[PDB]
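Q: Once you've had a glance at the structure underneath, I'll fire off some questions.
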Amino acid sequence: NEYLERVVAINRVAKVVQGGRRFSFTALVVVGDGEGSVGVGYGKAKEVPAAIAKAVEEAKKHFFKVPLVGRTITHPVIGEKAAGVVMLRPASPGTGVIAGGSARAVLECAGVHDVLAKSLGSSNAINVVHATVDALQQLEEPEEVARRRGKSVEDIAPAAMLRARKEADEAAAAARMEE
RNA sequence: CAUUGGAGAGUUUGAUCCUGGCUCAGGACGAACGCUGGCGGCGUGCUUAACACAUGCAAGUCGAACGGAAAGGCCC
Ligand SMILES: [Mg+2]
Ligand SMILES: [Mg+2]
Ligand SMILES: [Mg+2]
């Protein structure tokens with residue numbers, strides 16, 4: 032539909048009571064637009080559909096923009112929440128999302144189409160997802176880098192990156208008109 | 001004054017997170033084995049006993065260095 036989502040992982044958690052165990056289901060969802068806004072939602076329920084829906088509606092209110100320099104990451108980053116380290120590097124067009132399941136789902140929902148992502152540290156899906164999330168949040172878009180440094184993009188950033196951004200904008204124009 | 005390049009999964013708990021080993025998906029081979037087997041092209045083929053070897057062959061050539069004449073060859 033309008034917003035593209037992947038179910039990263041589901042788990043069957045339980046609570047022990049005098050009678051026995053009270054099982055429950057946890058859901059990781061990643062919901063994105065495919066063009067730069069993406070979020071992750073955690074859902075608790077007694078049932079898989081309810082947990083998934085709760086996670087999705089909780090993720091809707093956690094959409095953060097991701098800077099894409101033409102279908103790829105702006106610059107290499109390394110994120111880490113708790114113990115989930117995720118390394119991201121931009122890749123040439125056509126490389127694809129070379130990433131592990133959870134991080135790959137996060138990137139595909141964010142709309143990145145050429146990226147190299149490695150999962151260092153723990154392999155727990157939730158923590159790896161948070162590490163991919165803050166790795167993406169660490170991304171620093173070239174115009175705001177120029178604002179930070181009090182300079183211009185032509186003075187701070189690589190000419191190849193800027194050029195590739197122009198050609199990507201031109202294919203954007205193409206699609207738009209074509210429509 | 002950009003890059004040609006990096007994927008995980010299972011398993012400790014009632015459940016969780018971490019640590020952590022174990023196991024697996026890939027590629028490879030001077031390989032062997034099992035089942036099966038049409039052809040062609042190009043390679044490769046004792047990794048162990050530097051263990052012991054029947055048989056044939058694998059280093060000869062020169063008469064324009066020499067005496068020669070055992071064969072073939074010409075002349076009697
Ligand atoms: Mg650490
Ligand atoms: Mg224990
Ligand atoms: Mg168990």
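Residue numbers (PDB author numbering): 32 to 210.
Every residue gets a Cβ at the ideal spot worked out from N, C-alpha and C, and that includes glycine.
Should the segment 141-153 be regarded as contacting the segment 174-190, the criterion being three or more beta carbon pairs within less than 8 Å?
A: Short answer: they don't touch.
Q: Which same chain residues, not among the five before or five after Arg-53, have their C-beta less than 8 Å away from its C-beta?
A: Same-chain partners within the cutoff: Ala-45, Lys-46, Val-47.
Q: Count the other C-beta atoms from every protein chain shown that fall within 10 angstroms of the C-beta of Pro-121, then say buried if there are 16 or more, exposed otherwise.
A: Buried.
Q: Between which residues of its own chain and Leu-167 is the CB-CB distance below 6 Å, once the five residues before and five after are set aside?
A: Around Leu-167: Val-97.
Q: Go ahead and pull the three-state DSSP assignment for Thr-126.
A: Looking at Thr-126 - three-state DSSP - the assignment turns out to be coil, as it is neither helix nor strand.
Q: Based on DSSP bridge pairs, tell me the residues matched to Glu-36.
A: Answer by DSSP bridge pairing, in chain order: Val-62.
Q: Say the cut is 6 Å; is the CB of residue 31 nearer than that to a heavy atom of ligand 1?
A: Nothing can be reported for residue 31: it is not among the residues displayed for the chain, which extend from 32 to 210.
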